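Heads up, upload11.csv below (CSV, C-alpha atoms):
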```csv
chain,number,residue,atom,x,y,z
I,1,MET,CA,2.9,20.5,12.0
I,2,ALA,CA,2.2,17.0,13.5
I,3,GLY,CA,4.1,14.1,12.0
I,4,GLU,CA,3.2,10.6,10.9
I,5,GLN,CA,1.8,9.4,7.5
I,6,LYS,CA,0.3,12.5,5.9
I,7,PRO,CA,0.7,15.0,3.1
I,8,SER,CA,2.8,18.2,3.4
I,9,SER,CA,2.8,18.8,7.1
I,10,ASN,CA,1.7,22.4,6.8
I,11,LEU,CA,-1.7,21.3,5.7
I,12,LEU,CA,-3.5,20.7,9.0
I,13,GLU,CA,-3.4,24.2,10.6
I,14,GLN,CA,-2.7,25.5,7.1
I,15,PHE,CA,-6.2,24.7,5.9
I,16,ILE,CA,-7.7,25.1,9.4
I,17,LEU,CA,-6.9,28.8,9.3
I,18,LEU,CA,-7.5,28.9,5.6
I,19,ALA,CA,-11.1,27.6,5.7
I,20,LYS,CA,-11.5,29.7,8.9
I,21,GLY,CA,-10.5,32.9,7.0
I,22,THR,CA,-10.7,31.9,3.4
I,23,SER,CA,-14.2,31.1,2.2
I,24,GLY,CA,-16.2,31.1,-1.0
I,25,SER,CA,-13.6,31.7,-3.6
I,26,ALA,CA,-11.0,32.0,-0.9
I,27,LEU,CA,-12.3,28.6,0.2
I,28,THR,CA,-11.8,27.5,-3.4
I,29,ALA,CA,-8.2,28.5,-3.2
I,30,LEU,CA,-8.1,26.7,0.1
I,31,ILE,CA,-9.3,23.6,-1.7
I,32,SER,CA,-6.9,24.1,-4.7
I,33,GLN,CA,-4.0,24.0,-2.3
I,34,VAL,CA,-5.7,21.1,-0.4
I,35,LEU,CA,-5.7,19.2,-3.7
I,36,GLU,CA,-2.0,18.2,-3.6
I,37,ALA,CA,-2.2,16.6,-0.1
I,38,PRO,CA,-1.7,12.9,-0.8
I,39,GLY,CA,-1.8,11.1,2.5
I,40,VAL,CA,-4.7,13.2,3.6
I,41,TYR,CA,-7.0,13.2,0.6
I,42,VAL,CA,-9.9,12.8,3.1
I,43,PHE,CA,-10.7,15.3,5.8
I,44,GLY,CA,-12.8,13.7,8.4
I,45,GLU,CA,-11.7,15.7,11.4
I,46,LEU,CA,-10.7,18.5,8.9
I,47,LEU,CA,-14.2,18.6,7.5
I,48,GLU,CA,-15.1,18.6,11.2
I,49,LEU,CA,-14.9,22.4,10.9
I,50,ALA,CA,-18.1,24.1,9.6
I,51,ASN,CA,-15.8,26.1,7.3
I,52,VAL,CA,-15.1,22.9,5.4
I,53,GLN,CA,-18.8,22.0,5.9
I,54,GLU,CA,-19.6,25.0,3.8
I,55,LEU,CA,-16.6,24.1,1.6
I,56,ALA,CA,-18.7,21.1,1.2
I,57,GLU,CA,-22.2,21.8,-0.2
I,58,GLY,CA,-21.3,25.4,-0.8
I,59,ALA,CA,-19.9,26.5,-4.1
I,60,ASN,CA,-17.6,23.5,-3.7
I,61,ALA,CA,-20.1,20.8,-3.2
I,62,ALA,CA,-18.5,19.0,-6.1
I,63,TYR,CA,-15.3,19.2,-4.1
I,64,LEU,CA,-17.0,17.5,-1.2
I,65,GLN,CA,-17.9,14.9,-3.8
I,66,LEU,CA,-14.2,14.6,-4.7
I,67,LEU,CA,-13.2,14.5,-1.0
I,68,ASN,CA,-15.6,11.6,-0.4
I,69,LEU,CA,-14.2,10.0,-3.5
I,70,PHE,CA,-10.9,10.1,-1.7
I,71,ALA,CA,-12.7,8.7,1.3
I,72,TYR,CA,-14.9,6.4,-0.7
I,73,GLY,CA,-14.6,6.8,-4.5
I,74,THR,CA,-11.9,6.0,-7.0
I,75,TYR,CA,-10.3,7.6,-10.0
I,76,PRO,CA,-12.2,5.3,-12.3
I,77,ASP,CA,-15.3,6.9,-10.7
I,78,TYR,CA,-13.9,10.1,-12.3
I,79,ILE,CA,-13.3,8.2,-15.5
I,80,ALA,CA,-17.1,7.7,-15.4
I,81,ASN,CA,-17.7,10.9,-13.3
I,82,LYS,CA,-15.6,13.0,-15.5
I,83,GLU,CA,-17.8,16.1,-14.9
I,84,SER,CA,-19.3,15.6,-11.4
I,85,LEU,CA,-16.2,16.5,-9.4
I,86,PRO,CA,-14.2,19.7,-9.5
I,87,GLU,CA,-11.2,20.1,-11.8
I,88,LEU,CA,-8.0,18.2,-11.2
I,89,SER,CA,-4.4,18.4,-12.5
I,90,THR,CA,-2.9,15.6,-14.5
I,91,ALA,CA,-0.6,15.1,-11.5
I,92,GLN,CA,-3.7,15.1,-9.3
I,93,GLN,CA,-5.7,13.0,-11.8
I,94,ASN,CA,-2.9,10.4,-11.6
I,95,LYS,CA,-3.1,11.0,-7.8
I,96,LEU,CA,-6.7,9.8,-7.9
I,97,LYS,CA,-5.5,6.9,-10.0
I,98,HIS,CA,-3.1,6.2,-7.2
I,99,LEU,CA,-6.1,6.5,-4.8
I,100,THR,CA,-7.8,3.6,-6.5
I,101,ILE,CA,-4.6,1.6,-7.1
I,102,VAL,CA,-3.4,1.8,-3.5
I,103,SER,CA,-6.8,0.8,-2.5
I,104,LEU,CA,-6.6,-2.1,-4.9
I,105,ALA,CA,-3.2,-3.3,-3.7
I,106,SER,CA,-4.7,-2.7,-0.2
I,107,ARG,CA,-7.2,-5.3,-1.3
I,108,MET,CA,-5.0,-7.9,-3.1
I,109,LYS,CA,-1.6,-9.3,-2.3
I,110,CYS,CA,-0.8,-8.0,-5.8
I,111,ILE,CA,-3.1,-6.2,-8.3
I,112,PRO,CA,-2.7,-7.1,-11.9
I,113,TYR,CA,-1.3,-4.7,-14.4
I,114,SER,CA,-4.3,-5.0,-16.7
I,115,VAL,CA,-6.6,-4.3,-13.7
I,116,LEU,CA,-5.3,-0.8,-13.3
I,117,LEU,CA,-4.8,-0.4,-17.1
I,118,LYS,CA,-8.5,-0.9,-17.5
I,119,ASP,CA,-10.2,0.6,-14.4
I,120,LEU,CA,-7.7,3.5,-14.3
I,121,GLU,CA,-7.9,3.8,-18.1
I,122,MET,CA,-4.2,3.0,-18.3
I,123,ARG,CA,-3.3,2.2,-21.9
I,124,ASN,CA,0.2,0.8,-22.2
I,125,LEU,CA,3.1,-0.5,-20.2
I,126,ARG,CA,5.2,2.7,-20.2
I,127,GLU,CA,2.8,5.1,-18.5
I,128,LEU,CA,1.5,2.2,-16.4
I,129,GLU,CA,4.8,1.4,-14.7
I,130,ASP,CA,5.6,5.2,-14.7
I,131,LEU,CA,2.7,5.9,-12.3
I,132,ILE,CA,3.5,2.5,-10.6
I,133,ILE,CA,7.1,3.4,-9.9
I,134,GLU,CA,6.1,6.8,-8.7
I,135,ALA,CA,3.5,5.3,-6.4
I,136,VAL,CA,6.2,2.9,-4.9
I,137,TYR,CA,8.6,5.9,-5.1
I,138,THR,CA,6.2,7.6,-2.7
I,139,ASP,CA,7.2,4.6,-0.5
I,140,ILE,CA,3.5,3.7,0.0
I,141,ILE,CA,4.3,0.5,-1.9
I,142,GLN,CA,6.7,-2.2,-0.7
I,143,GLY,CA,7.0,-5.4,-2.6
I,144,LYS,CA,8.2,-5.1,-6.1
I,145,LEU,CA,6.9,-5.4,-9.7
I,146,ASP,CA,4.9,-8.7,-9.8
I,147,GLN,CA,5.4,-9.1,-13.6
I,148,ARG,CA,5.1,-12.8,-13.8
I,149,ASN,CA,1.7,-12.7,-12.1
I,150,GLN,CA,1.3,-9.4,-14.1
I,151,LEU,CA,0.7,-7.9,-10.7
I,152,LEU,CA,2.6,-5.6,-8.3
I,153,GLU,CA,4.3,-7.3,-5.4
I,154,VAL,CA,3.3,-5.7,-2.2
I,155,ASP,CA,5.0,-5.9,1.1
I,156,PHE,CA,3.9,-2.7,2.8
I,157,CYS,CA,1.3,0.0,2.2
I,158,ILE,CA,1.4,3.4,3.8
I,159,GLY,CA,-2.1,4.7,4.6
I,160,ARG,CA,-3.5,6.5,1.5
I,161,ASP,CA,-6.3,8.5,3.0
I,162,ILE,CA,-8.5,9.2,6.0
I,163,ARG,CA,-11.2,7.4,4.1
I,164,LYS,CA,-14.5,8.5,5.8
I,165,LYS,CA,-16.0,5.9,7.9
I,166,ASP,CA,-15.1,2.4,7.1
I,167,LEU,CA,-14.7,2.9,10.9
I,168,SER,CA,-17.3,0.3,11.9
I,169,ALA,CA,-16.1,-2.2,9.2
I,170,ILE,CA,-12.5,-1.2,10.0
I,171,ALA,CA,-12.6,-2.0,13.7
I,172,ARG,CA,-14.6,-5.2,13.1
I,173,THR,CA,-12.2,-6.5,10.5
I,174,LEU,CA,-9.6,-5.7,13.1
I,175,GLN,CA,-11.5,-7.8,15.7
I,176,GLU,CA,-11.7,-10.5,13.1
I,177,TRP,CA,-8.0,-10.8,12.3
I,178,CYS,CA,-7.0,-10.3,16.0
I,179,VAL,CA,-9.2,-13.2,16.9
I,180,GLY,CA,-7.9,-15.2,14.0
I,181,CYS,CA,-4.2,-15.0,15.0
I,182,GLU,CA,-5.4,-15.4,18.6
I,183,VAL,CA,-7.1,-18.7,17.7
I,184,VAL,CA,-4.2,-19.9,15.7
I,185,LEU,CA,-1.9,-19.2,18.7
I,186,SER,CA,-4.4,-20.7,21.1
I,187,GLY,CA,-4.7,-24.0,19.2
I,188,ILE,CA,-0.9,-23.9,19.5
I,189,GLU,CA,-1.4,-23.3,23.2
I,190,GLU,CA,-3.4,-26.4,23.7
I,191,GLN,CA,-1.2,-28.4,21.4
I,192,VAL,CA,1.5,-27.4,23.9
I,193,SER,CA,-0.8,-28.5,26.8
I,194,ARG,CA,-0.8,-31.7,24.8
I,195,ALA,CA,2.8,-32.4,23.7
I,196,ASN,CA,5.1,-31.6,26.6
I,197,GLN,CA,2.3,-32.2,29.0
I,198,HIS,CA,2.2,-35.4,27.0
I,199,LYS,CA,6.0,-35.3,27.5
I,200,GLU,CA,5.5,-35.1,31.2
I,201,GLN,CA,3.1,-38.1,31.2
I,202,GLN,CA,5.2,-40.2,28.7
I,203,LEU,CA,8.5,-39.7,30.5
I,204,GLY,CA,6.9,-40.2,33.9
I,205,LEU,CA,5.4,-43.5,32.9
I,206,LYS,CA,8.5,-44.6,31.0
I,207,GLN,CA,10.5,-43.9,34.1
I,208,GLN,CA,8.0,-45.8,36.1
I,209,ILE,CA,8.6,-48.7,33.8
I,210,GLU,CA,12.4,-48.3,34.1
I,211,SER,CA,12.1,-48.2,37.9
I,212,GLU,CA,9.9,-51.3,38.0
I,213,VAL,CA,12.4,-53.1,35.8
I,214,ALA,CA,14.7,-53.6,38.8
I,215,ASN,CA,12.5,-55.5,41.2
U,1,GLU,CA,23.7,1.2,-17.1
U,2,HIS,CA,22.0,3.4,-14.5
U,3,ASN,CA,18.6,3.0,-16.2
U,4,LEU,CA,19.0,-0.8,-16.0
U,5,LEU,CA,20.2,-0.3,-12.4
U,6,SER,CA,17.1,1.7,-11.5
U,7,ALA,CA,15.0,-1.0,-13.1
U,8,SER,CA,16.9,-3.5,-11.0
U,9,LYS,CA,16.5,-1.6,-7.7
U,10,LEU,CA,12.8,-1.1,-8.0
U,11,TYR,CA,12.4,-5.4,-9.9
U,12,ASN,CA,12.0,-9.1,-9.3
U,13,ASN,CA,11.5,-10.2,-12.9
U,14,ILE,CA,11.1,-8.6,-16.3
U,15,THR,CA,11.1,-10.0,-19.8
U,16,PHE,CA,13.8,-9.2,-22.3
U,17,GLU,CA,11.1,-7.5,-24.2
U,18,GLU,CA,9.5,-5.6,-21.4
U,19,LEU,CA,12.9,-4.4,-20.2
U,20,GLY,CA,13.8,-3.6,-23.8
U,21,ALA,CA,10.8,-1.4,-24.4
U,22,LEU,CA,11.1,-0.2,-20.8
U,23,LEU,CA,14.5,1.4,-21.7
U,24,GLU,CA,13.8,1.9,-25.4
U,25,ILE,CA,16.4,-0.8,-26.4
U,26,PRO,CA,16.0,-4.0,-28.4
U,27,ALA,CA,15.0,-7.1,-26.5
U,28,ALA,CA,18.0,-9.1,-27.6
U,29,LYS,CA,20.1,-6.0,-26.8
U,30,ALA,CA,18.3,-5.9,-23.4
U,31,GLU,CA,19.3,-9.5,-22.8
U,32,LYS,CA,22.9,-8.7,-24.1
U,33,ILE,CA,23.5,-5.6,-22.0
U,34,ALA,CA,21.7,-7.1,-19.0
U,35,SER,CA,23.9,-10.2,-19.1
U,36,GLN,CA,26.9,-7.8,-19.5
U,37,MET,CA,25.8,-6.0,-16.3
U,38,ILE,CA,25.4,-9.3,-14.4
U,39,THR,CA,28.9,-9.9,-15.8
U,40,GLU,CA,29.6,-6.5,-14.3
U,41,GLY,CA,27.7,-7.8,-11.2
U,42,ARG,CA,25.9,-4.5,-10.6
U,43,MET,CA,22.9,-6.3,-12.0
U,44,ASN,CA,21.9,-9.4,-10.1
U,45,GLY,CA,19.3,-12.1,-10.7
U,46,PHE,CA,18.9,-15.1,-13.0
U,47,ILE,CA,18.4,-15.2,-16.7
U,48,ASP,CA,16.0,-17.5,-18.6
U,49,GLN,CA,16.9,-17.0,-22.2
U,50,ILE,CA,14.4,-19.6,-23.5
U,51,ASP,CA,11.4,-18.0,-21.6
U,52,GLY,CA,12.9,-14.6,-22.5
U,53,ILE,CA,12.9,-13.2,-18.9
U,54,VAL,CA,15.7,-11.7,-17.0
U,55,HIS,CA,14.3,-12.6,-13.6
U,56,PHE,CA,15.8,-10.7,-10.7
U,57,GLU,CA,16.4,-12.6,-7.5
U,58,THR,CA,12.8,-12.3,-6.5
U,59,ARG,CA,13.5,-12.8,-2.7
U,60,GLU,CA,9.9,-13.2,-1.6
U,61,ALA,CA,8.5,-16.1,0.4
U,62,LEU,CA,6.7,-16.9,3.6
U,63,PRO,CA,9.6,-16.3,6.1
U,64,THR,CA,10.0,-12.9,4.3
U,65,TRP,CA,6.3,-12.6,4.9
U,66,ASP,CA,7.0,-13.3,8.6
U,67,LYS,CA,9.4,-10.4,8.5
U,68,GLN,CA,6.4,-8.7,7.0
U,69,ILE,CA,4.4,-9.8,10.1
U,70,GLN,CA,6.8,-8.0,12.3
U,71,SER,CA,6.4,-5.2,9.8
U,72,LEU,CA,2.7,-5.6,10.2
U,73,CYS,CA,3.2,-4.8,13.9
U,74,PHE,CA,5.1,-1.7,12.7
U,75,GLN,CA,2.2,-1.1,10.2
U,76,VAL,CA,-0.3,-1.2,13.1
U,77,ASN,CA,2.1,1.5,14.2
U,78,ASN,CA,1.7,3.0,10.7
U,79,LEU,CA,-2.0,2.7,11.1
U,80,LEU,CA,-1.7,4.8,14.2
U,81,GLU,CA,0.3,7.2,11.9
U,82,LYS,CA,-2.7,7.2,9.5
U,83,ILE,CA,-4.9,7.9,12.5
U,84,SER,CA,-2.8,10.9,13.4
U,85,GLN,CA,-2.1,11.9,9.8
U,86,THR,CA,-4.3,11.4,6.8
U,87,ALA,CA,-7.3,13.7,7.4
U,88,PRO,CA,-7.7,16.2,10.3
U,89,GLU,CA,-11.3,15.3,11.0
U,90,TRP,CA,-10.0,11.7,10.8
U,91,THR,CA,-7.1,12.8,13.0
U,92,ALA,CA,-9.3,14.1,15.9
U,93,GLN,CA,-12.0,11.4,15.5
U,94,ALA,CA,-9.7,8.4,15.0
U,95,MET,CA,-7.3,9.5,17.8
U,96,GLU,CA,-10.5,9.4,19.9
U,97,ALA,CA,-12.1,6.2,18.6
U,98,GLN,CA,-9.4,3.7,17.8
U,99,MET,CA,-6.9,4.7,20.5
U,100,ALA,CA,-9.0,6.0,23.5
U,101,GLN,CA,-11.9,3.7,22.9
```
Take the structure I supplied and represent it as structure tokens, if you would.
Amino acid sequence: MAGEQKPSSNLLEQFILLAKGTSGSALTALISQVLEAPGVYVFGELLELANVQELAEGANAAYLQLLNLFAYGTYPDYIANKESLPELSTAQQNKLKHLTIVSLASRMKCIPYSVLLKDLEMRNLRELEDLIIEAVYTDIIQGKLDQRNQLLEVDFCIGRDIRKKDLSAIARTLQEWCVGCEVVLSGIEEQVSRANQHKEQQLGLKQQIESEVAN
Amino acid sequence: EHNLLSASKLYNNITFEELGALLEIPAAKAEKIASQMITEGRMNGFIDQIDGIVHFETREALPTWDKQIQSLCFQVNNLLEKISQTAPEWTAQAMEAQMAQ
């Protein structure tokens, strides 16, 4: 319905009315069709509904585990936690791989190939760059293949998930970088209050000299 | 040609070997046909034969990163898109917290 970065736009009121009316096993079908929603793998204001709250910790408490994984966890969590979460499709298993990998490139300028080969259990180059190119092909990833650094060049990242609260840390990292660019630019400001204020003083005095040269 | 073309559009460098096994061709044949497409011009970059890497023109630096700083303004806009988009509980609560507070 609404439109910015998100999965298939049906999903919001889709699963609103689903969890509203589909519950228990109908809630499980709800979840199964939730599973393919990439940009909303996390449902903060969608777990706002008590229907998803019983989705959570109901029969599908493992699915709330998986949801928080999208919010918090990674696919390599599943590589360890192969049984904790609900079932997933190979497409959706690679989707959780893309969870952790978009989080990684979110971390670094460029994540190494071997990094995701190992944490995401990726064996070889072929499948590696297959899922890589499909991630970038989602257009989440800007930049390019950082082969020489054995990384992935990253120029732009679309938001992966709703990623239950880093909210505090989120806003405070925001405050951090805001103030950082601010202080860079403010040091510039006072270098300006130096230089061409210094230009005012310098030329004023130099002109005083030139005027006094006469008599 | 189109497979090498798609490998060009998506890189910034690839070895003769990684492009060879990428498109199931020999590495020397990868260099050969890659140089023949740069000869055809629809592949573009720069070839290091000795290091064995057909680099593409990598086109990435700090003024490109300043274009990415203007894109970081538009990705604060895309952060507003994630606020309205990624999760519906996150939609309601982040449209409250990050925008109205």
Interface residues on chain I facing chain U, 7 Å, all atoms listed in the file, written as an MDAnalysis selection string: chainID I and resid 3:6 12 39:48 126 144:145 147:148 155 158:159 161:162
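Minimum atom-to-atom distances from I:200, I:129, I:146, I:139 to residue 160 in chain I were compared using only C-alpha atoms, and the lowest value belongs to I:139.
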Counting all atoms listed in the file, the residue of I:2, I:157, I:49, I:214 that sits nearest residue 143 in chain I: I:157
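Each of I:195, I:96, I:91, I:50 was compared to residue 19 in chain I using all atoms listed in the file, and I:50 turns out to be the nearest.
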Would you mind completing range 97-127 of chain I so that it carries N, CA and C atoms, and writing it out as a PDB file, keeping the file's coordinate frame?
```pdb
ATOM      1  N   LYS I  97      -5.874   8.220  -9.566  1.00  0.00           N
ATOM      2  CA  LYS I  97      -5.500   6.900 -10.000  1.00  0.00           C
ATOM      3  C   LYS I  97      -4.760   6.144  -8.923  1.00  0.00           C
ATOM      4  N   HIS I  98      -3.825   6.818  -8.265  1.00  0.00           N
ATOM      5  CA  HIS I  98      -3.100   6.200  -7.200  1.00  0.00           C
ATOM      6  C   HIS I  98      -4.000   5.942  -5.979  1.00  0.00           C
ATOM      7  N   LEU I  99      -5.021   6.776  -5.781  1.00  0.00           N
ATOM      8  CA  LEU I  99      -6.100   6.500  -4.800  1.00  0.00           C
ATOM      9  C   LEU I  99      -6.597   5.050  -5.071  1.00  0.00           C
ATOM     10  N   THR I 100      -7.194   4.842  -6.240  1.00  0.00           N
ATOM     11  CA  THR I 100      -7.800   3.600  -6.500  1.00  0.00           C
ATOM     12  C   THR I 100      -6.815   2.433  -6.550  1.00  0.00           C
ATOM     13  N   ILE I 101      -5.586   2.715  -6.980  1.00  0.00           N
ATOM     14  CA  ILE I 101      -4.600   1.600  -7.100  1.00  0.00           C
ATOM     15  C   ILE I 101      -4.050   1.232  -5.774  1.00  0.00           C
ATOM     16  N   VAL I 102      -3.828   2.197  -4.879  1.00  0.00           N
ATOM     17  CA  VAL I 102      -3.400   1.800  -3.500  1.00  0.00           C
ATOM     18  C   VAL I 102      -4.481   1.163  -2.796  1.00  0.00           C
ATOM     19  N   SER I 103      -5.729   1.557  -3.051  1.00  0.00           N
ATOM     20  CA  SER I 103      -6.800   0.800  -2.500  1.00  0.00           C
ATOM     21  C   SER I 103      -6.865  -0.620  -3.023  1.00  0.00           C
ATOM     22  N   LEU I 104      -6.577  -0.799  -4.311  1.00  0.00           N
ATOM     23  CA  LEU I 104      -6.600  -2.100  -4.900  1.00  0.00           C
ATOM     24  C   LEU I 104      -5.524  -3.016  -4.263  1.00  0.00           C
ATOM     25  N   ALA I 105      -4.272  -2.559  -4.303  1.00  0.00           N
ATOM     26  CA  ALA I 105      -3.200  -3.300  -3.700  1.00  0.00           C
ATOM     27  C   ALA I 105      -3.429  -3.498  -2.194  1.00  0.00           C
ATOM     28  N   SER I 106      -4.106  -2.534  -1.575  1.00  0.00           N
ATOM     29  CA  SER I 106      -4.700  -2.700  -0.200  1.00  0.00           C
ATOM     30  C   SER I 106      -5.566  -3.929  -0.188  1.00  0.00           C
ATOM     31  N   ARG I 107      -6.326  -4.165  -1.258  1.00  0.00           N
ATOM     32  CA  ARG I 107      -7.200  -5.300  -1.300  1.00  0.00           C
ATOM     33  C   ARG I 107      -6.395  -6.611  -1.537  1.00  0.00           C
ATOM     34  N   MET I 108      -5.710  -6.710  -2.675  1.00  0.00           N
ATOM     35  CA  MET I 108      -5.000  -7.900  -3.100  1.00  0.00           C
ATOM     36  C   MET I 108      -3.652  -8.022  -2.452  1.00  0.00           C
ATOM     37  N   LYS I 109      -3.074  -9.218  -2.515  1.00  0.00           N
ATOM     38  CA  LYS I 109      -1.600  -9.300  -2.300  1.00  0.00           C
ATOM     39  C   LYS I 109      -0.920  -8.518  -3.423  1.00  0.00           C
ATOM     40  N   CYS I 110      -1.406  -8.606  -4.663  1.00  0.00           N
ATOM     41  CA  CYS I 110      -0.800  -8.000  -5.800  1.00  0.00           C
ATOM     42  C   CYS I 110      -1.837  -7.740  -6.871  1.00  0.00           C
ATOM     43  N   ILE I 111      -2.065  -6.488  -7.246  1.00  0.00           N
ATOM     44  CA  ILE I 111      -3.100  -6.200  -8.300  1.00  0.00           C
ATOM     45  C   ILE I 111      -2.496  -6.390  -9.644  1.00  0.00           C
ATOM     46  N   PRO I 112      -3.258  -6.937 -10.586  1.00  0.00           N
ATOM     47  CA  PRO I 112      -2.700  -7.100 -11.900  1.00  0.00           C
ATOM     48  C   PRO I 112      -2.456  -5.806 -12.641  1.00  0.00           C
ATOM     49  N   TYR I 113      -1.551  -5.863 -13.624  1.00  0.00           N
ATOM     50  CA  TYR I 113      -1.300  -4.700 -14.400  1.00  0.00           C
ATOM     51  C   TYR I 113      -2.515  -4.283 -15.227  1.00  0.00           C
ATOM     52  N   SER I 114      -3.132  -5.261 -15.892  1.00  0.00           N
ATOM     53  CA  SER I 114      -4.300  -5.000 -16.700  1.00  0.00           C
ATOM     54  C   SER I 114      -5.449  -4.434 -15.900  1.00  0.00           C
ATOM     55  N   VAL I 115      -5.538  -4.833 -14.628  1.00  0.00           N
ATOM     56  CA  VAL I 115      -6.600  -4.300 -13.700  1.00  0.00           C
ATOM     57  C   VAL I 115      -6.548  -2.795 -13.715  1.00  0.00           C
ATOM     58  N   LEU I 116      -5.387  -2.226 -13.402  1.00  0.00           N
ATOM     59  CA  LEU I 116      -5.300  -0.800 -13.300  1.00  0.00           C
ATOM     60  C   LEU I 116      -5.198  -0.146 -14.713  1.00  0.00           C
ATOM     61  N   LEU I 117      -4.684  -0.888 -15.695  1.00  0.00           N
ATOM     62  CA  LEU I 117      -4.800  -0.400 -17.100  1.00  0.00           C
ATOM     63  C   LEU I 117      -6.184  -0.135 -17.479  1.00  0.00           C
ATOM     64  N   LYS I 118      -7.112  -0.977 -17.049  1.00  0.00           N
ATOM     65  CA  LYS I 118      -8.500  -0.900 -17.500  1.00  0.00           C
ATOM     66  C   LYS I 118      -9.325   0.025 -16.628  1.00  0.00           C
ATOM     67  N   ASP I 119      -9.333  -0.243 -15.319  1.00  0.00           N
ATOM     68  CA  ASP I 119     -10.200   0.600 -14.400  1.00  0.00           C
ATOM     69  C   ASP I 119      -9.633   2.008 -14.384  1.00  0.00           C
ATOM     70  N   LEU I 120      -8.321   2.175 -14.229  1.00  0.00           N
ATOM     71  CA  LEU I 120      -7.700   3.500 -14.300  1.00  0.00           C
ATOM     72  C   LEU I 120      -7.412   3.971 -15.675  1.00  0.00           C
ATOM     73  N   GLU I 121      -7.943   3.312 -16.702  1.00  0.00           N
ATOM     74  CA  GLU I 121      -7.900   3.800 -18.100  1.00  0.00           C
ATOM     75  C   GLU I 121      -6.427   3.825 -18.575  1.00  0.00           C
ATOM     76  N   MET I 122      -5.567   3.017 -17.960  1.00  0.00           N
ATOM     77  CA  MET I 122      -4.200   3.000 -18.300  1.00  0.00           C
ATOM     78  C   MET I 122      -3.971   2.168 -19.609  1.00  0.00           C
ATOM     79  N   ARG I 123      -3.339   2.779 -20.603  1.00  0.00           N
ATOM     80  CA  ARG I 123      -3.300   2.200 -21.900  1.00  0.00           C
ATOM     81  C   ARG I 123      -2.190   1.142 -22.042  1.00  0.00           C
ATOM     82  N   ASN I 124      -0.963   1.543 -21.735  1.00  0.00           N
ATOM     83  CA  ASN I 124       0.200   0.800 -22.200  1.00  0.00           C
ATOM     84  C   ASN I 124       1.125   0.584 -20.972  1.00  0.00           C
ATOM     85  N   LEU I 125       2.198  -0.166 -21.211  1.00  0.00           N
ATOM     86  CA  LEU I 125       3.100  -0.500 -20.200  1.00  0.00           C
ATOM     87  C   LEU I 125       3.850   0.723 -19.629  1.00  0.00           C
ATOM     88  N   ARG I 126       4.283   1.599 -20.537  1.00  0.00           N
ATOM     89  CA  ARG I 126       5.200   2.700 -20.200  1.00  0.00           C
ATOM     90  C   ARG I 126       4.582   3.567 -19.095  1.00  0.00           C
ATOM     91  N   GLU I 127       3.501   4.277 -19.423  1.00  0.00           N
ATOM     92  CA  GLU I 127       2.800   5.100 -18.500  1.00  0.00           C
ATOM     93  C   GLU I 127       2.367   4.362 -17.242  1.00  0.00           C
TER      94      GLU I 127
END
```
